[PDB]
Each structure stands twice: as structure tokens, then as C-alpha cells.
Amino acid sequence: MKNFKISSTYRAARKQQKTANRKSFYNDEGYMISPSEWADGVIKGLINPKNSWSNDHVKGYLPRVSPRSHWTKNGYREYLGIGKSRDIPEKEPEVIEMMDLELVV
Amino acid sequence: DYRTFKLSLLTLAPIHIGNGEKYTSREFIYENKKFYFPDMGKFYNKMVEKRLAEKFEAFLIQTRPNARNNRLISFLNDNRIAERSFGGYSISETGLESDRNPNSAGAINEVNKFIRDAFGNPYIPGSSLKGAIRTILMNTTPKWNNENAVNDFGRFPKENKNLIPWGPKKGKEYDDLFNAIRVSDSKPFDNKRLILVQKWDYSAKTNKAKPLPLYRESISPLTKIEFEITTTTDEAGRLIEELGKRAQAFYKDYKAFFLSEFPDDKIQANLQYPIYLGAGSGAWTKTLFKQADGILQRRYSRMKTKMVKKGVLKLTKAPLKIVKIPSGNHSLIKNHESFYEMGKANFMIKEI
Amino acid sequence: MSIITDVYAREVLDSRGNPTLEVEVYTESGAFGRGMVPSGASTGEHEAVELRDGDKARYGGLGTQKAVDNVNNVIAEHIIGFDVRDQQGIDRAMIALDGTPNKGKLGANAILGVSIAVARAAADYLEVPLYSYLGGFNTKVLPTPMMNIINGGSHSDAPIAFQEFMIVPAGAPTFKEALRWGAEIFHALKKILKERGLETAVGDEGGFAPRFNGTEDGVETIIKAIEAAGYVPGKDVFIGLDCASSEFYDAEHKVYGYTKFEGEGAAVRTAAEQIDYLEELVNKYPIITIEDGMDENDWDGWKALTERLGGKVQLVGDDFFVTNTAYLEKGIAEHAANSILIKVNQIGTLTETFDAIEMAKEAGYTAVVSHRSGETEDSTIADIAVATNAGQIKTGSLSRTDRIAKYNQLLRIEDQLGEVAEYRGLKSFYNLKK
């Protein structure tokens with residue numbers, strides 16, 4: 001994930017909805033566990049501490065992610081993925097002949 | 001006293017029906033812009049005549065390949081095998097089979113197999129289509145789609161299987177409705193109609209599609225498959241003759257319930273009576289979603305992959321196809337990112 | 001930075017000790033708005049109803065946890081992401097999300113709290129006063145206050161049919177002087193009642209409800225207090241009445257029964273008799289405002305009253321119009337009343353409140369921004385009155401903080417406006433000839 005970054009609106013929403021203050025923890029099978037047993041499993045090695053917790057939920061359907069920018073050769077700004085998005089029109093499509101087909105109104 | 005109907009199924013999207021088995025990456029070869037699935041017995045028989053049986057056995061035994069010894073093409077390249085006549089079959093490369101490069105990273109490690117018979121020919125079982133028809137009929141009948149369909153006398157809610165009476169009763173007339181509806185399976189179709197789609201999930205909160213490591217063997221869009229449905233009573237005859245206009249009512253409720261929360265270009269259009277068949281179409285296509293709302297999400301509230309709100313939309317990737325109809329040229333999907341609503345199909349039912 | 005980031009409601013108490021709710025709106029830059037909802041009514045044919053729990057174990061069925069949950073779990077998901085300055089878009093979005101004309105699903109209290117909080121957060125983000133944000137740059141008129149001073153009717157055990165009596169200090173040069181005059185008359189009346197042996201404790205508005213002999217005795221004591229404070233009745237301070245004749249109107253006989261409150265010795269008056277009674281009261285005393293002189297359904301009576309007295313006295317429809325755009329339009333068409341009482345929680349949103357005020361203004365009517373019985377420390381109705389240049393406010397008596405808060409907000413608005421601030425007084429009664 002390099003073309004996009006975390007949006008500032010979502011970061012502000014998460015910050016002052018305090019969703020990181022209400023984390024949920026999981027064991028290696030992805031089942032909700034109390035923070036005490038999560039700590040005990042992480043210390044024992046039975047849980048990977050990295051991918052085993054969630055930052056609650058942010059409400060309001062905000063865009064989580066915004067395009068990231070970089071510097072072109074002349075010092076102008078540009079979106080990272082705008083210019084290397086595509087080069088060929090992928091050929092396609094295929095026009096299948098299906099004149100014998102009863103459509104439904 | 002028997003009524004026979006013919007149900008013609010036209011897939012509008014990839015359709016996968018599994019058997020519980022999965023191809024591993026040590027079982028297929030990605031080359032010449034195709035996925036070749038050889039027969040393991042024929043491969044092993046040709047590999048014992050080349051004095052590489054022990055090498056192949058060590059290749060297959062190894063439980064922890066690092067990154068590249070997990071692919072069969074690595075074995076075929078290191079040991080200098082040029083023959084490719086091992087039986088089996090092939091699937092034409094689409095391009096939209098994995099979001100990464102299939103020959104570079106781990107990529108397609110496992111492929112969910114399509115259901116096949118003893119001859120290795122894929123077909124659609126009659127039990128699968130019967131389950132889809134039963135979901136359509138149960139969701140559009142108000143005497144079955146009510147709160148009495150939930151068995152609350154237990155630790156957690158479940159379905160009331162006795163809501164539609166089935167089985168024999170002591171001293172009572174036989175009252176099995178769905179024994180009268182008899183859905184036969186299909187004549188097997190060819191492996192030329194199979195593709196290698198991948199699971200993408202579209203979230204209404206994230207507003208983007210996220211790919212997942214779940215690759216399936218699916219029927220290509222615009223495949224014609226015929227079923228015969230037999231009815232032995234009168235009520236079931238009315239039900240099956242009303243399979244369309246009940247599929248339309250079910251799809252109208254499904255669109256007003258779930259599909260209206262997603263962009264219109266991600267939702268496909270119907271040529272005939274809609275239906276959702278096989279894996280990947282979602283939970284609401286397989287439940288009485290009016291009564292399963294709330295219960296289904298709370299079943300996953302304590303899992304890491306939590307079901308949020310009404311869930312995500314399942315959108316596989318498959319090549320864009322135009323069709324020629326009386327109205328002109330019809331695009332199967334309205335988007336240019338090549339996103340098919342996974343599991344969608346259309347049907348027409350006649351009274352042969 | 002103006003994107004609404006968080007909407008959160010919590011349950012608080014209003015001035016009567018009953019529950020209500022309060023909404024906080026945070027935007028991305030950190031702009032904060034807080035809207036608190038006055039306690040209205042949960043019943044009404046064509047009035048925005050508010051959501052109450054009905055749990056008799058908690059607060060006697062007057063809890064607001066349901067409306068709080070509606071804001072936190074329904075409205076918040078729909079409003080977060082909006083621009084905080086999109087007040088009309090947010091309000092229309094909430095109205096569509098509710099989908100009921102009387103706003104019974106989400107609750108009018110919830111929607112009003114969100115609307116006020118959004119407007120306050122938008123004013124905070126633009127770093128402008130709330131009246132400047134709500135009414136634009138041409139906000140200068142300080143409303144003429146109708147200070148409730150003595151209440152009878154259903155709020156007293158005295159033999160008085162009329163619900164409220166008010167003093168209108170329309171002769172003051174500034175709003176500060178008008179407030180001073182009202183406070184001094186309030187204290188002079190308190191002294192007069194203390195030397196008369198009548199009870200001094202205030203009601204739910206801050207006004208007194210003593211055991212007067214009748215309506216005439218109450219009005220005579222009002223003028224006595226005005227003169228004791230040192231002001232000329234009919235030139236500096238006028239008298240207003242809130243009859244609310246809907247409470248003692250008997251619909252079966254189509255008559256106004258004064259026996260309900262004034263005892264069996266009272267006079268039972270028909271529509272014409274009620275007109276004549278109101279006219280002789282206006283002739284005897286310096287009465288400038290009569291509110292709810294007839295029943296809410298007596299349209300022919302209301303029309304006859306408007307022909308009889310609408311040229312010299314202000315006739316305000318409180319329950320006659322119920323802050324309804326359709327009812328106000330009907331009243332304008334039928335030439336019934338010449339003023340409307342605007343209660344913000346009676347309609348549900350600030351956009352509809354404004355729309356009703358402008359519809360009344362365009363017809364020559366006067367919009368009077370009004371309090372509720374259960375108020376709060378929120379004083380947005382003062383900013384509404386200044387923002388619309390309404391020129392009148394009915395924000396209660398001079399005693400309790402649920403009234404003094406709005407009076408202090410108007411003092412702050414006048415101080416902020418400075419030399420541009422205008423107090424028109426009698427000129428605020430533009431619905432009256434000359």
C-alpha cells in the first residue's frame with residue numbers, strides 16, 4: 001500500500017471517537033478474548049501480537065483513504081497512480097450472438 | 001398427474017459449486033497462458049519411467065516449501081521435463097484470476113474444485129438448484145417467512161425445520177410439499193466453460209473492493225445449462241409454474257434490502273428471471289434475510305472477521321462480455337473494472 | 001476541516017427535573033457545537049412529537065434513552081461526513097431518514113438537538129456569532145421581550161381563567177433598559193404581594209401565581225407594580241395576556257366555559273361574548289398582546305376576533321398554528337390572527353423554524369420566538385430572534401436561569417453589536433396600524 005494513504009478526516013474521526021481506546025483482542029483462531037488472556041497468549045507465543053486486535057469501529061461512512069502524492073522530475077506534485085494506471089485498452093469485449101433468448105420485461 | 005418443467009439457466013456471472021477438495025500449487029502448471037491440471041496418476045506413471053519417482057515423491061512429501069518449491073512448474077523445470085501429456089484438462093488464462101502475478105509471488109496456492117462426477121466432467125447437482133429454488137420460494141411465501149421460522153427454544157436461535165412439514169406422520173396423510181418438487185441435475189458440460197475467478201469483497205464503509213486469497217473453479221458467464229423439474233401434486237405445480245415472478249419478487253426484496261446500499265455499477269442487470277446459485281453469492285441469498293437479520297451478524301460478532309452492518313458485497317473478476325439481444329447490445333456488467341456479481345444467474349422455466 | 005466527524009447524544013435534565021437529551025457535534029478541525037432540547041410534548045395531531053421511553057420505573061416514563069440511541073446509532077451514521085455548514089442538507093437528510101410527518105420514528109427532540117448542534121458547530125468553525133451565521137450580516141434588532149409576570153389558569157389555584165399575564169417594556173431606548181425595567185417591576189410586584197399576604201414563590205416560568213380575586217384584580221396589581229417601579233403604563237410598559245382559551249373551551253356546546261377556573265359564579269361566554277369581553281379588557285387596560293384568545297379549532301371565531309381587534313392589538317396563535325406551515329398558510333388565507341408563536345421544538349428543525357418565520361413575515365404577521373415549560377441552559381432562541389430580526393421574544397420571567405440565560409444572551413448580543421444594535425419596541429409591532 002503505497003499509492004494511497006490514510007485520510008486526515010478518518011484519522012480525526014478515529015482520534016476523537018476514541019475507537020483505539022476500545023480494542024478487541026483475538027487468539028490465533030480469530031476468536032474474541034479478554035485482554036488478560038490475549039497478553040498471556042502473546043507472552044507464551046501462542047498469539048501473534050501484530051494481527052490479533054481491532055480498533056473498534058468508526059461511524060459515518062467516511063472515506064478511510066486518500067490518494068498519495070509524489071514529486072515529478074520538474075518539481076511538480078502528482079498523484080502516485082494517476083500516470084502509471086494503464087497503457088493498453090485490454091483489447092476486449094466479445095459480442096456473443098444470443099438472438100434466441102426470451103427476455104423478461 | 002405429473003407436470004414436467006424445463007429450467008434453462010444462463011449464468012450472468014461465475015458460478016462455483018464445490019466438492020470440498022482443492023487443488024494445491026504442486027498439482028497444476030501455469031504456462032502458455034493457461035492452467036494445466038494433469039492427472040496425478042498419469043503424471044506419476046510417466047515419472048516412474050523417467051527414473052524421477054523418488055525425486056517427485058520428495059517434492060510432494062516436503063511439507064514446508066520455501067517460496068518456489070511449492071509449484072509444479074519448478075519441479076518440471078529443474079528436472080528437465082518437456083512432456084505435457086499427462087491427461088487432465090486445462091483452463092484458459094483470463095488475466096483477472098489473481099490480483100498479483102500468478103508466476104511471481106505465492107499467488108494462487110489453492111484452487112477450490114468444481115463438483116464433478118466419476119468421469120471428471122463438471123455438472124450442476126439437482127440438490128444445489130433445489131436449494132436455491134427453495135430459498136426463493138420460502139422467502140416469497142408469507143406463511144413461511146415469518147417469526148415462527150425461528151426456533152428460539154435453545155442456546156442460540158436456529159431454523160424451524162418443521163415449519164414446512166416433511167416426513168411421515170403416525171396415522172396422518174403424507175404432507176411433504178418438497179417431495180413433490182423434484183429437481184434433476186444437469187447433463188455434464190465441458191471443461192472449456194471453466195475459469196479461475198478470485199474472491200473480491202466490496203464494503204459500503206470502505207467504498208472499495210478488497211481481494212482475498214480464495215480462488216475457485218467457476219462456470220464462465222453466458223453458459224446455458226438445462227434442468228428438468230418434476231411435480232407430483234397440484235400445490236407444487238402452482239409453486240413451480242410461479243418460479244418466475246417469485247424469483248422477481250425475491251430479487252426485488254433482496255435489492256431493497258441489501259443491493260441498494262452499493263453503487264449501481266457494481267450491481268448486474270437481469271435478462272431473465274434472477275437466481276443465485278452456488279458458493280460466493282453471500283449469506284442473504286441463502287437465508288430468509290428478513291428473519292435472519294440481526295441473528296446472522298451476532299453469530300459473527302466475536303470473530304476477527306466481524307460482520308459489520310449487513311456485510312460486504314461479493315464481486316468476482318471475470319472478462320467483460322457483450323451479448324446480442326433484441327434490444328441491441330447488452331453489457332453484462334455496468335462497470336469498467338470487470339466486476340461480476342458472484343453467483344448470479346438467470347433462468348427461464350417452460351412447461352414441457 | 002468542516003467535515004462533521006462525530007455526533008454524540010447524552011441524556012440530561014431540563015429545568016423541571018424531567019429528562020431531555022443533548023447533542024454534541026465535532027468537526028475535523030475541532031469545531032464543537034452543543035445543542036440542548038427543551039421539553040415539549042409527545043402527543044399531537046399535527047405537531048412534531050418527541051420520543052420518550054415510557055419506562056415507568058425510570059423517571060416515570062419520561063426517559064430519553066430511546067432518542068439518545070436514535071441519535072447515536074441512526075442519525076450519527078447518516079450525518080457524519082456532511083459539511084457542518086450544510087444546515088439545510090443535514091436537516092432535509094434527517095427528515096427523509098425519519099420519513100414521518102410528525103417525526104415520530106426518530107423523535108423531534110433528537111432531530112432538533114442534532115440541528116442546533118450542527119448550527120452551533122458551523123458558527124464555531126467560521127468563528128462568527130451564532131446570530132451572524134443564522135441570519136447573515138444584517139442582524140441588528142434586539143427583540144422586544146414579553147416578560148411573564150403573573151400566571152393563572154391551569155398554573156394557579158386562583159380564580160383566573162387566563163393562563164399568563166405579561167409586561168411588555170416597549171418604551172425603553174435599549175434592550176438593557178427594558179430588562180432593567182422588567183426586573184424592577186418584578187421586584188416591585190414581589191414587594192406588593194408580600195405586603196398583601198399573597199404567596200411569593202415562583203412557578204415553572206419564574207412568575208408569581210398568587211390567589212387574586214380575579215383577572216381584573218391581577219391586571220390592576222400589574223399596573224400598580226408598573227407605577228410603583230416608576231413607569232407609565234400604556235406609554236412605557238404594556239400588558240399582554242396568554243388566555244389559552246383552548247383549555248376552558250367546551251367544544252360540545254361551542255362555548256367558552258369560564259366556570260372551569262373562575263368558579264360557578266363566572267360568566268359563560270359564547271364566541272361573540274368572548275370577543276366583547278376581550279374588547280372591553282383592551283379598552284379598560286393598556287393591553288397590547290392577546291395570545292390564544294380563541295380555541296385552536298374555532299376558525300370563525302378567530303376570524304371575527306381578527307376583524308374586531310386585529311388593527312390595534314396583537315393576536316398571537318400558539319395552539320391555533322402549532323408552528324405549522326400548513327396551518328399558518330391557512331390562517332393567512334382566512335385572515336385569522338396577525339401573529340404566530342414560534343416554538344422551535346414544535347416543528348423539529350432550524351430550517352423549518354426559519355421557513356415558518358419567513359412565511360409569517362411575508363404575510364405581515366409577527367413571529368414571536370417562544371420558550372417551553374421545560375427549558376435548559378441552551379439559549380439558542382435568543383440568537384434565532386436576533387438572526388431573523390423578529391423583533392419579539394417570549395422567553396419567560398425574570399427569576400429563573402432558564403429565562404435569565406436567554407436574557408443574558410440578548411445582553412451579550414446587544415453589547416457585541418454595539419452602535420448598530422436597534423431596539424424598536426412599539427415599532428416591532430409592525431402588524432399593528434401606525
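This entry, so its header tells us, was determined using electron microscopy, 2.7 Å.
The backbone N, Cα and C atoms fix where each Cβ goes, and this holds for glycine too.
The feature (2R)-2-phosphoglycerate binding site is assigned by Swiss-Prot to C:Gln163, C:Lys343, C:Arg372, C:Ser373, C:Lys394, with sequence analysis given as support. Under the DSSP three-state reduction, C:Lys394 ((2R)-2-phosphoglycerate binding site) is assigned to strand.
According to Swiss-Prot, the feature active site, proton donor maps to C:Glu205, an assignment based on sequence analysis. Within the same chain, residues at least 6 positions away in sequence whose Cβ sits under 8 Å from that of C:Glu205 (active site, proton donor) are C:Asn148, C:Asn151, C:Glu164, C:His371, C:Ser373, C:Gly396, C:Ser397, C:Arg400, C:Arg403.
The Mg(2+) binding site annotation in Swiss-Prot covers C:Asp242, C:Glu291, C:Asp318. All protein chains shown were included, and the count of other CB atoms within 10 Å of the CB of C:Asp318 (Mg(2+) binding site) stands at 25.
Long-range Cβ contacts of C:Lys343 ((2R)-2-phosphoglycerate binding site) within its own chain (separation 6+, distance under 8 Å): C:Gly40, C:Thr323, C:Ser370, C:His371, C:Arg372. Look at Swiss-Prot and you will find C:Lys343 tagged as active site, proton acceptor, backed by sequence analysis.
Residue pair C:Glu291 (Mg(2+) binding site) / C:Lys394 ((2R)-2-phosphoglycerate binding site) shows a Cα separation of 11 Å.
Applying an 8 A CB threshold to same-chain residues 6+ apart, the list for C:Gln163 ((2R)-2-phosphoglycerate binding site) reads C:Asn151, C:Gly152, C:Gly153, C:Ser154, C:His155, C:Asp242, C:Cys243, C:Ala244, C:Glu247, C:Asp292. Of all the binding-site residues listed here (C:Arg372, C:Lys394), the one with the fewest other CB atoms within 10 A of its own CB is C:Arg372.
When other Cβ atoms within 10 Å of the Cβ of C:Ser373 ((2R)-2-phosphoglycerate binding site) are tallied across all protein chains shown, the result is 18.
Straight-line distance linking the Cα atoms of C:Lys394 ((2R)-2-phosphoglycerate binding site) and C:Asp318 (Mg(2+) binding site), rounded to a whole number, equals 11 Å. According to DSSP, C:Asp242 (Mg(2+) binding site) sits within a strand segment. Summary: among the binding-site residues (C:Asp242, C:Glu291), the fewest other C-beta atoms within 10 A of the C-beta are counted at C:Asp242. Per the record's binding annotation for (2R)-2-phosphoglycerate, residues C:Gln163, C:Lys343, C:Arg372, C:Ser373, C:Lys394 show a top Cα-Cα distance of 17 Å. The (2R)-2-phosphoglycerate site is defined by C:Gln163, C:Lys343, C:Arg372, C:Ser373, C:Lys394, and by the 8 Å test on Cβ atoms against their centroid, the other residues of the chain that qualify are C:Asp318, C:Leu341, C:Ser370, C:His371, C:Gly396.
Within 8 Å of the Cβ centroid of the Mg(2+) site, not counting the listed residues C:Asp242, C:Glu291, C:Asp318, the chain contributes C:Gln163, C:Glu164, C:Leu241, C:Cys243, C:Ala244, C:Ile290, C:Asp292, C:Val316, C:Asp319, C:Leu341, C:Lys394.
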